[PDB]
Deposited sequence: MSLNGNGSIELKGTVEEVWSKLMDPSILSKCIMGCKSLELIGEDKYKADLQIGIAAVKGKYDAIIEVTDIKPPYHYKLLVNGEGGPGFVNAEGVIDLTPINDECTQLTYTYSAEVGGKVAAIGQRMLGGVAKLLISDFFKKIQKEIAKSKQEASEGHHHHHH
């Protein structure tokens, strides 16, 4: 599973970077996320209860933020595992100012998915990942507000 995409967001690069680096805000914007516990340097443990039928399940995920270059670039390493199977993933995120008021976020990711859940299909795969990414960027846009091309 490989994808990339981008989102235009309402806020400056700095406005976006401070949401993306705030673990209380992330916990709230990751779907199914009950808690994000710091367990290391730029390393969290997420307790995920995911209700989406096609992938429904409880998963534990290790999420490491690396290559951190504020306020415009980072990498993510994700190791998630549960009853329905497992996910090893890396992604890269870049923030680009498109003007004074507006930021373009792009990303690239790469995921090995295993277990019974792997069988559902690449395309469907696919759609769940786009759904998780869109829903995350949706809630981030909301928390920013207070203060989407996806290719598979």
*What ranges of the deposited sequence are left out of this structure?*
1-2, 150-157
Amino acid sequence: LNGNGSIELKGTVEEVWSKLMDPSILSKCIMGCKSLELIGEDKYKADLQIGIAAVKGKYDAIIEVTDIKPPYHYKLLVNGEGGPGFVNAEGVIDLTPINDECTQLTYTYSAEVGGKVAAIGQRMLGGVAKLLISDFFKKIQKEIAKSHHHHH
From here on, numbers count along this sequence of modelled residues.
*Determine, for stretches 79-87 and 97-105, which one has the higher mean CA B-factor as deposited.*
97-105
*asked:* Please compare 32-40 with 66-74 and say which has the higher mean C-alpha temperature factor in the record.
replied: 32-40
*Looking at the entry's B-factor column for C-alpha atoms only, identify whether residue 144 ranks in the lowest, middle or highest third of its chain.*
highest
*Among modelled residues of the same chain, the CA temperature factor third for residue 10*: highest
_Among the modelled residues of this chain, does the Cα B factor of residue 92 put it in the lowest, middle or highest third?_
lowest
*Entry-reported Cα temperature factor of residue 128, expressed as the chain third it lands in*: lowest
